[PDB]
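One file, model_19.pdb, carrying PDB, C-alpha atoms:
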MODEL        1
ATOM      1  CA  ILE R   1       8.589  94.568  99.868  1.00  0.00           C
ATOM      2  CA  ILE R   2      10.928  96.439  97.497  1.00  0.00           C
ATOM      3  CA  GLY R   3      13.935  97.562  99.498  1.00  0.00           C
ATOM      4  CA  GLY R   4      13.573  97.599 103.240  1.00  0.00           C
ATOM      5  CA  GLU R   5      15.000  94.992 105.468  1.00  0.00           C
ATOM      6  CA  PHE R   6      14.587  91.364 106.589  1.00  0.00           C
ATOM      7  CA  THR R   7      12.809  90.694 109.852  1.00  0.00           C
ATOM      8  CA  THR R   8      11.485  87.879 111.993  1.00  0.00           C
ATOM      9  CA  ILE R   9       7.979  87.613 113.461  1.00  0.00           C
ATOM     10  CA  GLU R  10       9.010  89.043 116.799  1.00  0.00           C
ATOM     11  CA  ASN R  11       9.094  92.418 115.174  1.00  0.00           C
ATOM     12  CA  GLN R  12       5.596  92.197 113.812  1.00  0.00           C
ATOM     13  CA  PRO R  13       3.894  89.543 115.960  1.00  0.00           C
ATOM     14  CA  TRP R  14       0.352  90.281 114.701  1.00  0.00           C
ATOM     15  CA  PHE R  15       1.396  89.419 111.128  1.00  0.00           C
ATOM     16  CA  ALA R  16      -0.592  86.458 109.706  1.00  0.00           C
ATOM     17  CA  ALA R  17       0.541  84.418 106.724  1.00  0.00           C
ATOM     18  CA  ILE R  18      -2.378  83.151 104.622  1.00  0.00           C
ATOM     19  CA  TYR R  19      -2.121  80.204 102.232  1.00  0.00           C
ATOM     20  CA  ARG R  20      -4.475  78.341  99.861  1.00  0.00           C
ATOM     21  CA  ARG R  21      -4.904  74.661  99.405  1.00  0.00           C
ATOM     22  CA  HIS R  22      -5.248  72.953  96.105  1.00  0.00           C
ATOM     23  CA  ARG R  23      -6.676  69.883  94.485  1.00  0.00           C
ATOM     24  CA  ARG R  24      -2.845  69.132  94.188  1.00  0.00           C
ATOM     25  CA  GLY R  25      -0.364  69.095  97.174  1.00  0.00           C
ATOM     26  CA  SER R  26       0.160  72.650  96.038  1.00  0.00           C
ATOM     27  CA  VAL R  27      -0.283  74.828  99.296  1.00  0.00           C
ATOM     28  CA  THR R  28       0.695  78.252  98.176  1.00  0.00           C
ATOM     29  CA  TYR R  29       0.940  81.730  99.676  1.00  0.00           C
ATOM     30  CA  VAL R  30      -2.018  84.094  99.159  1.00  0.00           C
ATOM     31  CA  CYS R  31      -1.620  87.256 101.252  1.00  0.00           C
ATOM     32  CA  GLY R  32      -0.761  88.778 104.557  1.00  0.00           C
ATOM     33  CA  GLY R  33      -3.126  89.758 107.399  1.00  0.00           C
ATOM     34  CA  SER R  34      -3.126  91.130 110.931  1.00  0.00           C
ATOM     35  CA  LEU R  35      -4.329  89.631 114.185  1.00  0.00           C
ATOM     36  CA  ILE R  36      -6.758  92.070 115.748  1.00  0.00           C
ATOM     37  CA  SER R  37      -8.135  89.684 118.476  1.00  0.00           C
ATOM     38  CA  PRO R  38      -7.408  86.104 119.320  1.00  0.00           C
ATOM     39  CA  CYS R  39      -9.975  84.701 116.893  1.00  0.00           C
ATOM     40  CA  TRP R  40      -9.834  87.387 114.157  1.00  0.00           C
ATOM     41  CA  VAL R  41      -7.436  88.206 111.363  1.00  0.00           C
ATOM     42  CA  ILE R  42      -8.042  91.231 109.138  1.00  0.00           C
ATOM     43  CA  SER R  43      -6.872  91.342 105.508  1.00  0.00           C
ATOM     44  CA  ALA R  44      -7.993  92.514 101.978  1.00  0.00           C
ATOM     45  CA  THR R  45     -11.042  91.120 100.073  1.00  0.00           C
ATOM     46  CA  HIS R  46      -9.133  91.003  96.736  1.00  0.00           C
ATOM     47  CA  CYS R  47      -6.959  88.214  98.189  1.00  0.00           C
ATOM     48  CA  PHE R  48      -9.992  85.907  98.380  1.00  0.00           C
ATOM     49  CA  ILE R  49     -12.639  87.144  95.896  1.00  0.00           C
ATOM     50  CA  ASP R  50     -11.679  84.606  93.155  1.00  0.00           C
ATOM     51  CA  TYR R  51     -11.888  81.661  95.587  1.00  0.00           C
ATOM     52  CA  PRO R  52     -14.309  82.752  98.370  1.00  0.00           C
ATOM     53  CA  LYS R  53     -14.640  79.437 100.170  1.00  0.00           C
ATOM     54  CA  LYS R  54     -13.346  79.344 103.767  1.00  0.00           C
ATOM     55  CA  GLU R  55     -12.126  75.655 103.388  1.00  0.00           C
ATOM     56  CA  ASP R  56      -9.537  76.653 100.726  1.00  0.00           C
ATOM     57  CA  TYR R  57      -7.346  78.607 103.221  1.00  0.00           C
ATOM     58  CA  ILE R  58      -4.900  78.031 106.057  1.00  0.00           C
ATOM     59  CA  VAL R  59      -3.653  80.832 108.354  1.00  0.00           C
ATOM     60  CA  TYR R  60      -0.386  80.817 110.263  1.00  0.00           C
ATOM     61  CA  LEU R  61       0.612  83.058 113.184  1.00  0.00           C
ATOM     62  CA  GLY R  62       4.113  83.211 114.570  1.00  0.00           C
ATOM     63  CA  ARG R  63       5.693  82.532 111.207  1.00  0.00           C
ATOM     64  CA  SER R  64       8.792  84.309 109.824  1.00  0.00           C
ATOM     65  CA  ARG R  65       9.489  82.110 106.795  1.00  0.00           C
ATOM     66  CA  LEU R  66       7.403  81.485 103.732  1.00  0.00           C
ATOM     67  CA  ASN R  67       7.948  77.809 102.928  1.00  0.00           C
ATOM     68  CA  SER R  68       9.475  76.557 106.159  1.00  0.00           C
ATOM     69  CA  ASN R  69       8.092  76.410 109.565  1.00  0.00           C
ATOM     70  CA  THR R  70       9.064  78.808 112.348  1.00  0.00           C
ATOM     71  CA  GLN R  71       9.439  77.382 115.885  1.00  0.00           C
ATOM     72  CA  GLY R  72       6.344  78.237 117.963  1.00  0.00           C
ATOM     73  CA  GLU R  73       4.066  78.978 115.016  1.00  0.00           C
ATOM     74  CA  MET R  74       0.354  78.168 115.146  1.00  0.00           C
ATOM     75  CA  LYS R  75      -1.753  76.812 112.251  1.00  0.00           C
ATOM     76  CA  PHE R  76      -5.471  77.618 111.844  1.00  0.00           C
ATOM     77  CA  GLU R  77      -8.299  76.699 109.559  1.00  0.00           C
ATOM     78  CA  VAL R  78     -10.686  79.446 108.576  1.00  0.00           C
ATOM     79  CA  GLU R  79     -13.938  79.134 110.434  1.00  0.00           C
ATOM     80  CA  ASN R  80     -15.540  82.092 108.505  1.00  0.00           C
ATOM     81  CA  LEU R  81     -14.306  84.145 105.529  1.00  0.00           C
ATOM     82  CA  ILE R  82     -16.047  87.534 105.530  1.00  0.00           C
ATOM     83  CA  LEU R  83     -15.620  89.832 102.498  1.00  0.00           C
ATOM     84  CA  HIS R  84     -16.897  93.404 102.250  1.00  0.00           C
ATOM     85  CA  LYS R  85     -20.134  93.371 100.321  1.00  0.00           C
ATOM     86  CA  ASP R  86     -19.389  96.787  98.735  1.00  0.00           C
ATOM     87  CA  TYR R  87     -16.140  95.523  97.250  1.00  0.00           C
ATOM     88  CA  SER R  88     -15.365  96.688  93.718  1.00  0.00           C
ATOM     89  CA  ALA R  89     -12.429  96.671  91.414  1.00  0.00           C
ATOM     90  CA  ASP R  90     -11.328  98.333  88.154  1.00  0.00           C
ATOM     91  CA  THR R  91      -8.112  97.546  86.344  1.00  0.00           C
ATOM     92  CA  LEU R  92      -6.267  99.047  89.306  1.00  0.00           C
ATOM     93  CA  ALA R  93      -8.028 100.459  92.319  1.00  0.00           C
ATOM     94  CA  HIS R  94      -9.920  98.153  94.687  1.00  0.00           C
ATOM     95  CA  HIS R  95     -12.665  99.793  96.764  1.00  0.00           C
ATOM     96  CA  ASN R  96     -13.691  98.507 100.241  1.00  0.00           C
ATOM     97  CA  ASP R  97     -10.739  96.167 100.106  1.00  0.00           C
ATOM     98  CA  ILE R  98     -11.126  94.694 103.587  1.00  0.00           C
ATOM     99  CA  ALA R  99     -11.815  91.158 104.810  1.00  0.00           C
ATOM    100  CA  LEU R 100     -12.044  89.215 108.101  1.00  0.00           C
ATOM    101  CA  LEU R 101     -10.994  85.665 108.770  1.00  0.00           C
ATOM    102  CA  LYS R 102     -12.265  83.974 111.892  1.00  0.00           C
ATOM    103  CA  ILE R 103      -9.538  81.515 112.771  1.00  0.00           C
ATOM    104  CA  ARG R 104      -9.875  78.142 114.479  1.00  0.00           C
ATOM    105  CA  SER R 105      -7.308  75.393 114.973  1.00  0.00           C
ATOM    106  CA  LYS R 106      -7.963  71.730 114.489  1.00  0.00           C
ATOM    107  CA  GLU R 107      -8.426  71.542 118.239  1.00  0.00           C
ATOM    108  CA  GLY R 108     -10.962  74.287 118.142  1.00  0.00           C
ATOM    109  CA  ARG R 109      -8.857  77.119 119.527  1.00  0.00           C
ATOM    110  CA  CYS R 110      -7.986  80.678 118.660  1.00  0.00           C
ATOM    111  CA  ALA R 111      -4.544  82.308 118.827  1.00  0.00           C
ATOM    112  CA  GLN R 112      -2.616  82.041 122.144  1.00  0.00           C
ATOM    113  CA  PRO R 113      -0.425  85.121 122.749  1.00  0.00           C
ATOM    114  CA  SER R 114       3.350  84.473 122.980  1.00  0.00           C
ATOM    115  CA  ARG R 115       6.561  86.255 122.148  1.00  0.00           C
ATOM    116  CA  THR R 116       5.768  85.595 118.447  1.00  0.00           C
ATOM    117  CA  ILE R 117       1.951  85.954 118.467  1.00  0.00           C
ATOM    118  CA  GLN R 118       0.340  89.249 119.548  1.00  0.00           C
ATOM    119  CA  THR R 119      -2.606  91.484 118.521  1.00  0.00           C
ATOM    120  CA  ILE R 120      -2.443  94.904 117.012  1.00  0.00           C
ATOM    121  CA  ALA R 121      -4.639  97.805 118.120  1.00  0.00           C
ATOM    122  CA  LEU R 122      -7.182  99.358 115.856  1.00  0.00           C
ATOM    123  CA  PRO R 123      -7.249 103.135 115.336  1.00  0.00           C
ATOM    124  CA  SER R 124      -9.929 105.288 116.827  1.00  0.00           C
ATOM    125  CA  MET R 125     -12.429 106.447 114.145  1.00  0.00           C
ATOM    126  CA  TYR R 126     -11.217 108.952 111.608  1.00  0.00           C
ATOM    127  CA  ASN R 127      -7.941 109.244 113.612  1.00  0.00           C
ATOM    128  CA  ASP R 128      -4.931 108.907 111.297  1.00  0.00           C
ATOM    129  CA  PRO R 129      -1.424 110.362 111.507  1.00  0.00           C
ATOM    130  CA  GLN R 130      -0.579 113.586 109.715  1.00  0.00           C
ATOM    131  CA  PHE R 131       0.773 113.345 106.177  1.00  0.00           C
ATOM    132  CA  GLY R 132       4.517 112.942 106.243  1.00  0.00           C
ATOM    133  CA  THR R 133       4.412 110.553 109.150  1.00  0.00           C
ATOM    134  CA  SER R 134       6.654 107.490 108.808  1.00  0.00           C
ATOM    135  CA  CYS R 135       4.891 104.134 109.196  1.00  0.00           C
ATOM    136  CA  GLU R 136       5.905 100.544 108.596  1.00  0.00           C
ATOM    137  CA  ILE R 137       4.739  97.771 106.236  1.00  0.00           C
ATOM    138  CA  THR R 138       5.369  94.097 106.455  1.00  0.00           C
ATOM    139  CA  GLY R 139       5.125  91.123 104.083  1.00  0.00           C
ATOM    140  CA  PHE R 140       6.408  88.235 101.962  1.00  0.00           C
ATOM    141  CA  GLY R 141       5.817  89.932  98.673  1.00  0.00           C
ATOM    142  CA  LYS R 142       8.312  90.441  95.850  1.00  0.00           C
ATOM    143  CA  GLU R 143      11.588  92.155  96.429  1.00  0.00           C
ATOM    144  CA  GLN R 144      11.811  93.350  92.830  1.00  0.00           C
ATOM    145  CA  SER R 145       8.951  93.800  90.429  1.00  0.00           C
ATOM    146  CA  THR R 146      10.716  91.591  87.865  1.00  0.00           C
ATOM    147  CA  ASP R 147      11.181  88.707  90.362  1.00  0.00           C
ATOM    148  CA  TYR R 148       9.316  85.502  89.983  1.00  0.00           C
ATOM    149  CA  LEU R 149      10.016  84.174  93.481  1.00  0.00           C
ATOM    150  CA  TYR R 150       8.855  85.645  96.790  1.00  0.00           C
ATOM    151  CA  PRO R 151      11.415  85.989  99.585  1.00  0.00           C
ATOM    152  CA  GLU R 152      11.563  83.114 102.015  1.00  0.00           C
ATOM    153  CA  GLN R 153      12.191  85.518 104.927  1.00  0.00           C
ATOM    154  CA  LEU R 154       9.682  88.143 106.069  1.00  0.00           C
ATOM    155  CA  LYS R 155      10.495  91.739 105.239  1.00  0.00           C
ATOM    156  CA  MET R 156       9.609  95.176 106.555  1.00  0.00           C
ATOM    157  CA  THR R 157      10.071  98.736 105.367  1.00  0.00           C
ATOM    158  CA  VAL R 158       9.177 102.343 106.173  1.00  0.00           C
ATOM    159  CA  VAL R 159       6.929 104.501 104.005  1.00  0.00           C
ATOM    160  CA  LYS R 160       5.561 108.036 104.622  1.00  0.00           C
ATOM    161  CA  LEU R 161       1.887 108.873 104.415  1.00  0.00           C
ATOM    162  CA  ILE R 162       0.773 110.998 101.524  1.00  0.00           C
ATOM    163  CA  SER R 163      -2.218 113.327 101.701  1.00  0.00           C
ATOM    164  CA  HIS R 164      -5.384 112.610  99.699  1.00  0.00           C
ATOM    165  CA  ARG R 165      -4.770 116.005  98.067  1.00  0.00           C
ATOM    166  CA  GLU R 166      -1.394 114.926  96.801  1.00  0.00           C
ATOM    167  CA  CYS R 167      -2.496 111.387  95.882  1.00  0.00           C
ATOM    168  CA  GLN R 168      -5.547 112.477  93.903  1.00  0.00           C
ATOM    169  CA  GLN R 169      -3.456 114.594  91.516  1.00  0.00           C
ATOM    170  CA  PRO R 170      -3.699 113.365  87.943  1.00  0.00           C
ATOM    171  CA  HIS R 171       0.013 112.511  87.844  1.00  0.00           C
ATOM    172  CA  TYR R 172      -0.393 110.366  90.941  1.00  0.00           C
ATOM    173  CA  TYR R 173      -3.682 108.389  90.924  1.00  0.00           C
ATOM    174  CA  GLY R 174      -6.443 110.853  90.066  1.00  0.00           C
ATOM    175  CA  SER R 175      -9.947 109.686  90.976  1.00  0.00           C
ATOM    176  CA  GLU R 176      -8.753 106.096  91.649  1.00  0.00           C
ATOM    177  CA  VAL R 177      -8.001 107.070  95.213  1.00  0.00           C
ATOM    178  CA  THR R 178     -10.799 107.858  97.649  1.00  0.00           C
ATOM    179  CA  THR R 179     -10.901 109.094 101.260  1.00  0.00           C
ATOM    180  CA  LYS R 180     -11.405 105.515 102.365  1.00  0.00           C
ATOM    181  CA  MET R 181      -7.807 104.877 101.136  1.00  0.00           C
ATOM    182  CA  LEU R 182      -4.388 106.032 102.245  1.00  0.00           C
ATOM    183  CA  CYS R 183      -1.410 106.494  99.994  1.00  0.00           C
ATOM    184  CA  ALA R 184       2.132 105.976 101.314  1.00  0.00           C
ATOM    185  CA  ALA R 185       5.568 106.054  99.650  1.00  0.00           C
ATOM    186  CA  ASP R 186       9.207 106.685  99.999  1.00  0.00           C
ATOM    187  CA  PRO R 187      10.515 110.210  99.174  1.00  0.00           C
ATOM    188  CA  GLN R 188      12.894 108.629  96.589  1.00  0.00           C
ATOM    189  CA  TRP R 189      10.346 105.959  95.523  1.00  0.00           C
ATOM    190  CA  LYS R 190      12.984 103.395  96.474  1.00  0.00           C
ATOM    191  CA  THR R 191      11.023 101.154  98.800  1.00  0.00           C
ATOM    192  CA  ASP R 192       7.356 100.015  98.624  1.00  0.00           C
ATOM    193  CA  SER R 193       4.852  97.217  98.893  1.00  0.00           C
ATOM    194  CA  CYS R 194       4.668  94.847  95.935  1.00  0.00           C
ATOM    195  CA  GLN R 195       2.898  91.742  94.655  1.00  0.00           C
ATOM    196  CA  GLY R 196       2.287  89.279  97.499  1.00  0.00           C
ATOM    197  CA  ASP R 197       2.194  92.081 100.143  1.00  0.00           C
ATOM    198  CA  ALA R 198      -1.555  92.535  99.944  1.00  0.00           C
ATOM    199  CA  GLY R 199      -3.567  92.133 103.035  1.00  0.00           C
ATOM    200  CA  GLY R 200      -0.677  92.965 105.381  1.00  0.00           C
ATOM    201  CA  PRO R 201      -0.292  95.727 107.894  1.00  0.00           C
ATOM    202  CA  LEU R 202       0.546  99.381 107.588  1.00  0.00           C
ATOM    203  CA  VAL R 203       1.432 100.232 111.254  1.00  0.00           C
ATOM    204  CA  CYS R 204       1.848 103.764 112.568  1.00  0.00           C
ATOM    205  CA  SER R 205       2.556 104.937 116.112  1.00  0.00           C
ATOM    206  CA  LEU R 206      -0.317 107.098 117.196  1.00  0.00           C
ATOM    207  CA  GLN R 207       0.082 108.747 120.640  1.00  0.00           C
ATOM    208  CA  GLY R 208       2.445 105.969 121.804  1.00  0.00           C
ATOM    209  CA  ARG R 209       0.375 103.143 120.437  1.00  0.00           C
ATOM    210  CA  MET R 210       1.350 100.864 117.512  1.00  0.00           C
ATOM    211  CA  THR R 211      -1.840 101.110 115.401  1.00  0.00           C
ATOM    212  CA  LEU R 212      -3.224  99.306 112.342  1.00  0.00           C
ATOM    213  CA  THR R 213      -3.643 102.415 110.228  1.00  0.00           C
ATOM    214  CA  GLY R 214      -3.847 100.562 106.944  1.00  0.00           C
ATOM    215  CA  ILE R 215      -4.112  97.247 105.046  1.00  0.00           C
ATOM    216  CA  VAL R 216      -1.992  96.805 101.871  1.00  0.00           C
ATOM    217  CA  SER R 217      -4.418  97.061  98.938  1.00  0.00           C
ATOM    218  CA  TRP R 218      -3.162  98.163  95.503  1.00  0.00           C
ATOM    219  CA  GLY R 219      -0.782 100.191  93.399  1.00  0.00           C
ATOM    220  CA  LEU R 220       0.539 100.685  89.915  1.00  0.00           C
ATOM    221  CA  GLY R 221       3.670  98.722  89.850  1.00  0.00           C
ATOM    222  CA  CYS R 222       6.031  98.919  92.799  1.00  0.00           C
ATOM    223  CA  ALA R 223       8.473 101.612  93.760  1.00  0.00           C
ATOM    224  CA  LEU R 224       7.507 103.777  90.727  1.00  0.00           C
ATOM    225  CA  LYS R 225       7.737 107.519  90.788  1.00  0.00           C
ATOM    226  CA  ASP R 226       4.420 109.191  91.570  1.00  0.00           C
ATOM    227  CA  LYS R 227       2.761 105.891  92.096  1.00  0.00           C
ATOM    228  CA  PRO R 228       2.400 105.246  95.824  1.00  0.00           C
ATOM    229  CA  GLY R 229       1.268 102.179  97.607  1.00  0.00           C
ATOM    230  CA  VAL R 230      -2.429 102.341  98.408  1.00  0.00           C
ATOM    231  CA  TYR R 231      -3.905 101.109 101.604  1.00  0.00           C
ATOM    232  CA  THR R 232      -7.441 100.482 102.979  1.00  0.00           C
ATOM    233  CA  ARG R 233      -7.952 103.241 105.579  1.00  0.00           C
ATOM    234  CA  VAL R 234      -8.856 101.170 108.672  1.00  0.00           C
ATOM    235  CA  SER R 235     -10.115 104.170 110.650  1.00  0.00           C
ATOM    236  CA  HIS R 236     -13.036 104.533 108.159  1.00  0.00           C
ATOM    237  CA  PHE R 237     -14.222 100.931 108.639  1.00  0.00           C
ATOM    238  CA  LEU R 238     -14.645 100.531 112.393  1.00  0.00           C
ATOM    239  CA  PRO R 239     -18.361  99.857 112.391  1.00  0.00           C
ATOM    240  CA  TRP R 240     -17.936  97.266 109.673  1.00  0.00           C
ATOM    241  CA  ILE R 241     -15.227  95.620 111.716  1.00  0.00           C
ATOM    242  CA  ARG R 242     -17.150  95.845 115.013  1.00  0.00           C
ATOM    243  CA  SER R 243     -20.215  94.208 113.492  1.00  0.00           C
ATOM    244  CA  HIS R 244     -18.562  91.449 111.550  1.00  0.00           C
ATOM    245  CA  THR R 245     -16.261  90.278 114.342  1.00  0.00           C
ATOM    246  CA  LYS R 246     -19.406  89.245 116.232  1.00  0.00           C
TER     247      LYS R 246
ENDMDL
END

Show me, as structure tokens, the structure contained in the file I just sent.
Amino acid sequence: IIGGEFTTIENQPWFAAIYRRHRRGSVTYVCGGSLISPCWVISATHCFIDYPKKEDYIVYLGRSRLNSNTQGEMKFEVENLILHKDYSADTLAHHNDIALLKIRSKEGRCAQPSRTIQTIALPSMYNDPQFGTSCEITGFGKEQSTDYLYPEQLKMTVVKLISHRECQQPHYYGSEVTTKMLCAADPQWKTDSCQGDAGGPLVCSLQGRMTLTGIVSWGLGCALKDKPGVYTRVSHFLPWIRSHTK
């Protein structure tokens, strides 16, 4: 997250932190995700497509810090890693960038709701907020595009939704953006998602309900003029989600 503010997991208690194991004691951060039911985390296919084996990943819930443990966190292996079979990528835009992780602890359990572990509601189909609406994003990604390190403490920011008509202009993203994607950005381009934020939640309040409107997907750079963050549009994937979480 460029700009924005530090947070703890209480303020985004569906946020999942996803890590990869290595041949070497290297266990390293991969991407964010969102808890949509006790046994399911939703995230972006691009986070996993190079290494698509479920045993390579660990998922934490209840965690506010990147490389240190948070009191009350839970640790899960990945029982099933489900990628969207229509996934595609070019240099930039990822299509159908949506993934599900079925989570299971060493003891064979799913997430147990607490003050730090909660689910987020899915949108109703084709039901997104109007352009201009302020929503929130959350993640451990870079704070500056030139940084090498990721922040140790979770961050959040606010971005406003951009219409497909605005985002498809040539001086924004042209044909790279489809109606299965949502653009979002700050009026001054001063705050944004960045590398290491993929897979995390774009949350909007829709009729009183905190809603998973989007999943962090791609962008050109971070916090660049006329180059919004791009998000998988969750409300266009409900049948995919309904089927695969069985």

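With only C-alpha atoms as the atoms that count, the minimum distance from residue 13 in chain R to the choices R:105, R:130, R:34, R:243 is reached by R:34.
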
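Proximity to residue 78 in chain R was assessed for R:180, R:39, R:167, R:114 counting all atoms listed in the file; the smallest distance is recorded for R:39.
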
Judged by only C-alpha atoms, the minimum distance to residue 207 in chain R among R:129, R:2, R:102, R:94 is found for R:129

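CA of residue 115 in chain R lies 22.4 Å from CA of residue 199 in chain R.
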
Would you compute the box with edges along x, y and z of the file around range 222-234 of chain R, including every atom the file lists for it and 4 Å extra on each side, and give its centre and edge lengths in Å to one decimal, as AutoDock Vina command-line options?
--center_x -0.2 --center_y 104.1 --center_z 99.7 --size_x 25.3 --size_y 18.3 --size_z 25.9

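Note that the spacing between CA of residue 142 in chain R and CA of residue 193 in chain R amounts to 8.2 Å.
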
Return range 178-195 of chain R, completed with N, CA, C and O atoms, as a PDB file, keeping the file's coordinate frame.
ATOM      1  N   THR R 178      -9.727 107.243  96.900  1.00  0.00           N
ATOM      2  CA  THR R 178     -10.799 107.858  97.649  1.00  0.00           C
ATOM      3  C   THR R 178     -10.370 108.174  99.079  1.00  0.00           C
ATOM      4  O   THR R 178      -9.324 107.753  99.494  1.00  0.00           O
ATOM      5  N   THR R 179     -11.180 108.868  99.868  1.00  0.00           N
ATOM      6  CA  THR R 179     -10.901 109.094 101.260  1.00  0.00           C
ATOM      7  C   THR R 179     -11.000 107.889 102.171  1.00  0.00           C
ATOM      8  O   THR R 179     -10.620 107.981 103.318  1.00  0.00           O
ATOM      9  N   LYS R 180     -11.420 106.718 101.621  1.00  0.00           N
ATOM     10  CA  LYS R 180     -11.405 105.515 102.365  1.00  0.00           C
ATOM     11  C   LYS R 180     -10.063 104.770 102.075  1.00  0.00           C
ATOM     12  O   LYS R 180      -9.913 103.616 102.517  1.00  0.00           O
ATOM     13  N   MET R 181      -9.145 105.461 101.458  1.00  0.00           N
ATOM     14  CA  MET R 181      -7.807 104.877 101.136  1.00  0.00           C
ATOM     15  C   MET R 181      -6.785 105.815 101.623  1.00  0.00           C
ATOM     16  O   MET R 181      -7.008 107.001 101.810  1.00  0.00           O
ATOM     17  N   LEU R 182      -5.593 105.243 101.841  1.00  0.00           N
ATOM     18  CA  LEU R 182      -4.388 106.032 102.245  1.00  0.00           C
ATOM     19  C   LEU R 182      -3.283 105.698 101.293  1.00  0.00           C
ATOM     20  O   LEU R 182      -3.052 104.531 101.042  1.00  0.00           O
ATOM     21  N   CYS R 183      -2.619 106.697 100.740  1.00  0.00           N
ATOM     22  CA  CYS R 183      -1.410 106.494  99.994  1.00  0.00           C
ATOM     23  C   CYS R 183      -0.188 106.599 100.891  1.00  0.00           C
ATOM     24  O   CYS R 183      -0.151 107.357 101.850  1.00  0.00           O
ATOM     25  N   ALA R 184       0.866 105.883 100.547  1.00  0.00           N
ATOM     26  CA  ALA R 184       2.132 105.976 101.314  1.00  0.00           C
ATOM     27  C   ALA R 184       3.266 105.607 100.386  1.00  0.00           C
ATOM     28  O   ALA R 184       3.133 104.692  99.557  1.00  0.00           O
ATOM     29  N   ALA R 185       4.386 106.303 100.546  1.00  0.00           N
ATOM     30  CA  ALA R 185       5.568 106.054  99.650  1.00  0.00           C
ATOM     31  C   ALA R 185       6.800 106.634 100.245  1.00  0.00           C
ATOM     32  O   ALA R 185       6.834 107.249 101.283  1.00  0.00           O
ATOM     33  N   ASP R 186       7.915 106.189  99.623  1.00  0.00           N
ATOM     34  CA  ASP R 186       9.207 106.685  99.999  1.00  0.00           C
ATOM     35  C   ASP R 186       9.508 107.933  99.216  1.00  0.00           C
ATOM     36  O   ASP R 186       9.169 108.095  98.083  1.00  0.00           O
ATOM     37  N   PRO R 187      10.186 108.995  99.903  1.00  0.00           N
ATOM     38  CA  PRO R 187      10.515 110.210  99.174  1.00  0.00           C
ATOM     39  C   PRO R 187      11.224 110.013  97.823  1.00  0.00           C
ATOM     40  O   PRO R 187      11.116 110.863  96.932  1.00  0.00           O
ATOM     41  N   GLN R 188      12.113 108.961  97.798  1.00  0.00           N
ATOM     42  CA  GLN R 188      12.894 108.629  96.589  1.00  0.00           C
ATOM     43  C   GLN R 188      12.230 107.485  95.797  1.00  0.00           C
ATOM     44  O   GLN R 188      12.811 107.002  94.819  1.00  0.00           O
ATOM     45  N   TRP R 189      11.044 107.054  96.204  1.00  0.00           N
ATOM     46  CA  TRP R 189      10.346 105.959  95.523  1.00  0.00           C
ATOM     47  C   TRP R 189      11.134 104.653  95.544  1.00  0.00           C
ATOM     48  O   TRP R 189      10.924 103.745  94.673  1.00  0.00           O
ATOM     49  N   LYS R 190      12.008 104.522  96.538  1.00  0.00           N
ATOM     50  CA  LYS R 190      12.984 103.395  96.474  1.00  0.00           C
ATOM     51  C   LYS R 190      12.560 102.142  97.214  1.00  0.00           C
ATOM     52  O   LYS R 190      13.207 101.079  97.129  1.00  0.00           O
ATOM     53  N   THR R 191      11.490 102.263  98.004  1.00  0.00           N
ATOM     54  CA  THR R 191      11.023 101.154  98.800  1.00  0.00           C
ATOM     55  C   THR R 191       9.480 101.203  98.799  1.00  0.00           C
ATOM     56  O   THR R 191       8.910 102.301  98.698  1.00  0.00           O
ATOM     57  N   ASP R 192       8.786 100.054  98.843  1.00  0.00           N
ATOM     58  CA  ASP R 192       7.356 100.015  98.624  1.00  0.00           C
ATOM     59  C   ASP R 192       6.811  98.633  98.923  1.00  0.00           C
ATOM     60  O   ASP R 192       7.628  97.656  98.991  1.00  0.00           O
ATOM     61  N   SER R 193       5.502  98.492  99.007  1.00  0.00           N
ATOM     62  CA  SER R 193       4.852  97.217  98.893  1.00  0.00           C
ATOM     63  C   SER R 193       4.859  96.727  97.438  1.00  0.00           C
ATOM     64  O   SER R 193       5.059  97.526  96.493  1.00  0.00           O
ATOM     65  N   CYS R 194       4.737  95.411  97.259  1.00  0.00           N
ATOM     66  CA  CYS R 194       4.668  94.847  95.935  1.00  0.00           C
ATOM     67  C   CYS R 194       3.838  93.610  95.914  1.00  0.00           C
ATOM     68  O   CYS R 194       3.231  93.257  96.916  1.00  0.00           O
ATOM     69  N   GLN R 195       3.736  92.906  94.786  1.00  0.00           N
ATOM     70  CA  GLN R 195       2.898  91.742  94.655  1.00  0.00           C
ATOM     71  C   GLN R 195       3.232  90.685  95.692  1.00  0.00           C
ATOM     72  O   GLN R 195       4.403  90.338  95.862  1.00  0.00           O
TER      73      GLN R 195
END
